[PDB]
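Shown next, in structure tokens, is the structure this report addresses.
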Amino acid sequence: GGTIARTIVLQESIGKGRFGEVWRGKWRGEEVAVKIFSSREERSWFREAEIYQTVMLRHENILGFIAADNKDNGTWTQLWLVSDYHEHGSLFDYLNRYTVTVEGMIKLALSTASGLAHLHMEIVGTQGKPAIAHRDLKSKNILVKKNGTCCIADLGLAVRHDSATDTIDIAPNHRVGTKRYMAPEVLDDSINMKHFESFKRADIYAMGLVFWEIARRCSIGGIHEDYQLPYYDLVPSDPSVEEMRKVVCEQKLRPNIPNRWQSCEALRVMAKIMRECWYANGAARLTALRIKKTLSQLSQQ
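Per this note's numbering, the sequence shown starts with residue 1, numbered consecutively.
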């Protein structure tokens, strides 16, 4: 018989995924995360297995994929995705629980930007890696490791690019992703979905929102902001595309940058990155590589 799912024992329910159910399992005595899909969710499971098996994808700031497998319990078939387990869970959970130091904030932001720069970068060669855009970047889709660094997860909605032809591996549907984090051009449907660079630029807007969530939690002299999602002050908890479009596209609002962020160099650098991710024109936004470079210089200094 098989040698992956057969040997894993589910221990604790972690929660529901966009598709499937997430569990903490034990494999060869180690904790692993297991996402289980039903037979009717095969397309979602297969596509996420396909993205995670991309050549040369592995990176310290991308969730470590172990295997895809099937498990027949005697009544129905389960479709499994097994990955590394991170006890802290999501960056969203971590930021709700804790405040971070200046060093802590920089570690979280630089590791997120390093993972995004790796996802976005094409690596040439026989064992080359295509450029990939996430399409659903948010604090609930980033995990925090024991060492206080992040890894990007939930790659199931990603798209991959073939650079020689400037084509995308799937026929992308409009407005996939979490509405709160959708870029202005995604919200108003002006995005050119035949242009792969458009998807990278939309991910940068969302990373800007995540950086704002982290910076609120940076405590200096015991001073910090409470945890909030971006746009908590302007839209309902589960907002519609129309609610988001009216705020982001028509009123042209972005999350507020508190005055106290001007009194600290690390917070000034973070606030400037946010503004340069939030431009309505995707072509004016910073690239993930440029952000990684700015933050590497900040972690050093």
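Don't be surprised by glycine CBs; every beta carbon is placed ideally from N, CA and C.
For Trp45, the enclosing alpha helix (DSSP H) covers residues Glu42 to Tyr52.
Around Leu57, the same chain offers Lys129 as residues with beta carbons nearer than 7 Å, after the five sequence neighbours per side are excluded.
DSSP places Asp189 outside both helix and strand once states are collapsed to three, so it counts as coil. Shortest Cα-Cα distance from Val100 to any of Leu234, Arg268 and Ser219 involves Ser219. The alpha-carbon of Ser163 is positioned some 12 Å away from that of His120. Taking all protein chains shown into account, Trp261 has 16 or more neighbouring C-beta atoms within 10 Å of its C-beta and is therefore buried. Looking at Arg24, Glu225 and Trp212, the one whose alpha-carbon comes closest to that of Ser139 is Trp212.
Annotation: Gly148 to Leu155 spans about 21 Å, alpha carbon to alpha carbon.
In chain order, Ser83, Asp84, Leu143, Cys151, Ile152 and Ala153 place their CB closer than 7 Å to the CB of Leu63, counting only its own chain and leaving out the 5 sequence neighbours on each side. Here the alpha carbon of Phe37 sits roughly 11 Å from the alpha carbon of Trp23. Cα atoms of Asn281 and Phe196: separation of roughly 15 Å, rounded to the nearest angstrom.
By the beta-carbon neighbour count (other beta carbons within 10 angstroms, threshold 16), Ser198 is buried. For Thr112, the secondary structure class from DSSP, reduced to helix, strand or coil, is helix.
About 7 Å separates the beta carbons of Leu95 and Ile214, which is inside the 8 Å limit, making them a contact pair. In summary, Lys292 is buried, with 16 or more beta-carbon neighbours lying within 10 Å of its beta-carbon over all protein chains present. For the pair of segments examined, the segment 23–34 was found to touch the segment 1–15: the number of CB pairs separated by less than 8 Å reaches three. By a beta-carbon distance limit of 8 Å, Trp27 does not contact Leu81. Their separation comes to about 13 Å. The residues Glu225, in chain order, have a CB closer than 6 Å to that of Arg216 in the same chain once the five nearest residues on each side in sequence are set aside.
Judged by beta-carbon spacing, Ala158 lies beyond the 8 Å limit of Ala183, meaning their Cβ atoms are not closer than that value.
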